[PDB]
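Novice: Sharing a structure, written as structure tokens. Questions coming.
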Amino acid sequence: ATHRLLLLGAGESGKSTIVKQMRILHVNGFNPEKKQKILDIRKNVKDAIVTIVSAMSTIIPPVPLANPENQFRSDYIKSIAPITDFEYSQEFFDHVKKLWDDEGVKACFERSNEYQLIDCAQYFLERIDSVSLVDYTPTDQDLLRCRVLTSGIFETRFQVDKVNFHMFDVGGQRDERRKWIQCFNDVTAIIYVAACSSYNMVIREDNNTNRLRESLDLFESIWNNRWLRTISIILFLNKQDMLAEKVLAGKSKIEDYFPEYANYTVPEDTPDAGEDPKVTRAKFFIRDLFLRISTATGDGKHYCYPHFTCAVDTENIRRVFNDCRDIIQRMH
Ligand SMILES: Nc1nc2c(ncn2[C@@H]2O[C@H](COP(=O)(O)OP(=O)(O)OP(O)(O)=S)[C@@H](O)[C@H]2O)c(=O)[nH]1
Ligand SMILES: [Mg+2]
């Protein structure tokens, strides 16, 4: 029979990217929609460079250009920043290429947590040479990193080994949550995606609430929802690669945002192949934040299945979603 899964989670957690991985592994890619994602990807390139140059002078302390000759380039991006009907000429990409080379732009980028920057910014700025081509055809990875806000309820159906899987993609930001109750129809499991990398960042709806705290507070609402007593949650502790990069950078300490982290220790009861202990301790702590919520209530009527996920790694999502189907079988 058909298993109906529901992706819940805060904004920009990675739910839509999970479906995109399902369209890579169990349906044949994307229909040629697509070729319009080029516009969405180019909007990301425009959004990233616009957000960084506007932040260089509003961050405290501010960041100047490393080369004063780049001033006319920053003046160009500020003039095209509000234009919604942008043409995307080569002049745009030529300035973005040399602006990203300016160390001041990189310096402002490394402080991105002090403003709102999409997580695909570094990837597309580092892949500007391809995106600027006239015959630029997006890679599957380019399509995974493409960020578009989800409004409404998007449905995706696929089957693996002759069993059907209906998947519901929803919007994560606060105003989209109002419609979530409509998706509570005939749900076999819930896939809650949480952005573990965003422990030092704030959400976009108010620029005040901590993003990881938003996921934790939202996860408690789902777990302790009166209507969801029976429903179990498959917890995707997402963005492990971006989580490792900032733990290995050592600039934003988790303790600064979650003080109880100083006492948490890796439970002696197993890391991956040569995984840095700093990365290990970080991801197991974020897990114990959720597991603490889910162990407090439930009384055995439903359970929570955690997984470490990287929604942009096709091989990872294959492995994670593979034994997800095993969990559904044991539910029988
Ligand atoms: N590097 C990296 N990027 C990720 C990962 N998961 C998601 N992203 C990126 O984050 C961005 C936002 O992901 P998205 O799928 O739109 O989240 P969402 O939950 O659907 O966001 P919303 O629709 O509720 S607002 C995308 O550009 C995606 O590529 C990850 O595990 N690693
Ligand atoms: Mg979405």
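The numbering of chain A matches Swiss-Prot: 41-72, 74-310, 312-374, in order.
Per deposition record, X-ray crystallography, 2.9 Å.
In case you wondered, yes, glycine gets a Cβ from its N, Cα and C as well.
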Novice: Which residue of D176, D181, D202, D210 does Swiss-Prot report at the same Mg(2+) site as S56, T191?
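Specialist: The candidate from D176, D181, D202, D210 that Swiss-Prot ties to Mg(2+) along with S56, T191 is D210.
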Novice: So one of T178, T312 should carry the feature phosphothreonine according to Swiss-Prot; which one?
Specialist: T178
Novice: Examine the ranges 236-241, 351-356, 369-374 and name the one recorded by Swiss-Prot as region 'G5 motif'.
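Specialist: That would be 351-356, the stretch labelled region 'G5 motif' in Swiss-Prot.
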Novice: According to Swiss-Prot, region 'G1 motif' applies to one of these ranges: 44-57, 101-114. Which one is it?
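Specialist: Swiss-Prot lists region 'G1 motif' for residues 44-57.
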Novice: Pick from 126-135, 206-215, 286-295, 296-305: which stretch is listed in Swiss-Prot under region 'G3 motif'?
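Specialist: When 126-135, 206-215, 286-295, 296-305 are checked in Swiss-Prot, region 'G3 motif' belongs to 206-215.
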Novice: Of the recorded positions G54, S56, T178, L185, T191, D282, which ones put their CB under 6 Å from ligand 2?
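Specialist: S56, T191, in sequence order.
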Novice: Any idea what the Cα distance is from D282 (GTP binding site) over to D210 (Mg(2+) binding site), rounded to a whole Å?
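Specialist: One finds 23 Å between the Cα atoms of these residues.
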Novice: Does DSSP give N279 (GTP binding site) helix, strand or coil?
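Specialist: Going by the DSSP assignment, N279 (GTP binding site) falls within a strand, counted as strand.
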Novice: Among the recorded positions listed here (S56, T178, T191, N279), identify the one with the smallest other-Cβ count within 10 Å.
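Specialist: With the recorded positions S56, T178, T191, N279, fewest surrounding Cβ atoms within 10 Å: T178.
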Novice: What else in the chain is close to the region 'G4 motif' (275-282), if you only count residues 6 or more beyond its ends and a Cβ gap under 8 Å?
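Specialist: Residues 45, 49, 53-54, 58, 160, 230-239, 260, 325, 328-329, 332, 336, 346-355, 362, 366, 369 contact the region 'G4 motif' (275-282) from elsewhere in the chain.
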Novice: Cα-Cα separation of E52 (GTP binding site) and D210 (Mg(2+) binding site), in Å?
Specialist: 12
